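Here we start with a single chain on its own, the form deposited in one PDB entry, put down as structure tokens.
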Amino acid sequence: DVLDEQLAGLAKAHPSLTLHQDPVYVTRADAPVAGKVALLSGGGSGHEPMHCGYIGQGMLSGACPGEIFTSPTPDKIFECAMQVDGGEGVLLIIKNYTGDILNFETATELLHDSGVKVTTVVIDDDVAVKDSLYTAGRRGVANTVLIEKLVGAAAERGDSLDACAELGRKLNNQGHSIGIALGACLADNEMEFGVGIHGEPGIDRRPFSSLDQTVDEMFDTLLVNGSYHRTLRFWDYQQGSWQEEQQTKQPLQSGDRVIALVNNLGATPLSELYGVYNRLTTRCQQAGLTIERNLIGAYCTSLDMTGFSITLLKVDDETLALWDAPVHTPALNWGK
């Protein structure tokens, strides 16, 4: 099995990780880490390094890869959570797709019944389409990475489960993303505008004229599709039930300070991502948005898709301190 070989490769390359079998999941080699909230995510294979490359101090305690573009099954999530539980609870970060929501929610209930204190954060940052074939609402994409790092820092600092969960839900309401594909993982010189990370259709297919023009269209969409009201359920561990919570996003606005992630969906040359970043800084400056930090690279992919996404996450001094906090993972590494 090729997925087997790929995960074996991951494990051999990174002694800081432990690959488990029966069921398969990956954790930090030092898990369970006593006295800290444990953070977990997962989803289909094919988005590497999301989420396995984000396992480590200051970020995820473990992750649960599934088959290609397919949520892991509940047994993997349950077993991974039980392995990383440090006695302060486990927070599950779930990207908004039919499969992931079902499987992670099932695992949440199984955990609660086994006495594990658990709650959830749903990610729905893709501003492009509401109600795509495999999502109720908006899709969860690259802002998931930014939230993992920020919530990861908070957990590492010693924040409680509730505090980590509230922070995750708040950041989710402040991050906005959009992706484009020039070719899947249709017509030449044509792009899928607002594509999903499993290849889901976007807003439309339209001509590619230039990188700068494409970035302008993506940026404009982030500015105008920002307003959003919807229900997101979260697990209330005190009552042992799902709580429907209305959640509101405000549009990005002049005066906002942001973290920008220019993300390779798979086969875009880094040179081009820097070109994208250049146009993006220009547009943010014109719109009154201050980019405070950035990430540019392959962080949330879709196999070998030719395309890229832009994520802008509103932040404040406190959030920037969490960003600057140390992180030690395969894909993201920085010290104090």
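For every residue, the number given is its place in the sequence shown, counted from 1. Between two forms, the rigid core is defined as the largest C-alpha subset superposing within 1.5 Å.
As for the form deposited in another entry, it is not shown, yet the points below apply to it.
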| query | finding |
| --- | --- |
| From 242, 134, 228, 208, residue displaced between the shown form and the other one - CA threshold 2 Å or more, rigid core | 134 |
| Inter-Cα distance between residue 135 and residue 40 in that other deposited form, nearer or further [3 Å or more] | farther |
| In that other deposited form, shift in Cα separation for residue 135 relative to residue 64, 3 Å or more | farther |
